[PDB]
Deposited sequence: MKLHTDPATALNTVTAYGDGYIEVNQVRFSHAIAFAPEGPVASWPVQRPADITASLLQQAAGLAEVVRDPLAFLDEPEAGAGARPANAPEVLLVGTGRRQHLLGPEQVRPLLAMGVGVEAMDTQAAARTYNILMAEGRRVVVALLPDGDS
């Protein structure tokens, strides 16, 4: 029916609050579904394999990637498979990723977000 959507509630130094619950480990999620844990810890150990599993939960317009405190450029070997699927990815510091997610979500776009906290 009218399923409630996942919403980034607050952002903090060292945490993202989703649906009023704090997370201090990396997570990934779409508007619908659970807020899943994402096996990453440094923008350095981010792999296309990891990006696809995050996006792999529901085909999505954009995969937002929060690389933590500051933006971290993702390379061709990270991002190509996804484009190979017409999925566009955007890396940016985490507080912006979270905030950009709420927006893309509010205007009803098919969006997934992956975030490394702190």
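Asker: Going from the first residue of the deposited sequence to the last, where are the unmodelled runs?
Answerer: Counting from residue 1, the stretches without coordinates are 1-6, 65-87, 148-150.
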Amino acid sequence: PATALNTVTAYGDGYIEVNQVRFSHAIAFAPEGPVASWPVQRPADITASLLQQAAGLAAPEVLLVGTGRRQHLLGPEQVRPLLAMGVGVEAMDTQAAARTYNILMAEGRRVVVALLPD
From here on, numbers count along this sequence of modelled residues.
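Asker: On average, are the C-alpha B-factors higher in 77-85 or in 33-41?
Answerer: If you average the C-alpha B-factors of 77-85 and of 33-41, the larger mean comes out for 77-85.
Asker: Name the higher of the two by mean Cα B-factor in the PDB entry, 46-54 versus 22-30.
Answerer: Averaged over C-alpha atoms, the B-factors run higher in 46-54.
Asker: Sort 111, 2, 115, 8 by C-alpha B-factor from the entry and give me just the highest.
Answerer: Comparing C-alpha B-factors across 111, 2, 115, 8, the maximum falls on 2.
Asker: When the deposited Cα B-factors of this chain's modelled residues are ordered and cut into thirds, is residue 90 in the lowest, the middle or the highest one?
Answerer: Tercile = middle for this residue's CA B-factor.
Asker: Going by the entry, which third of its chain does the Cα temperature factor of residue 65 land in?
Answerer: Lowest third - that is where residue 65 ends up once the chain's C-alpha B-factors are sorted.
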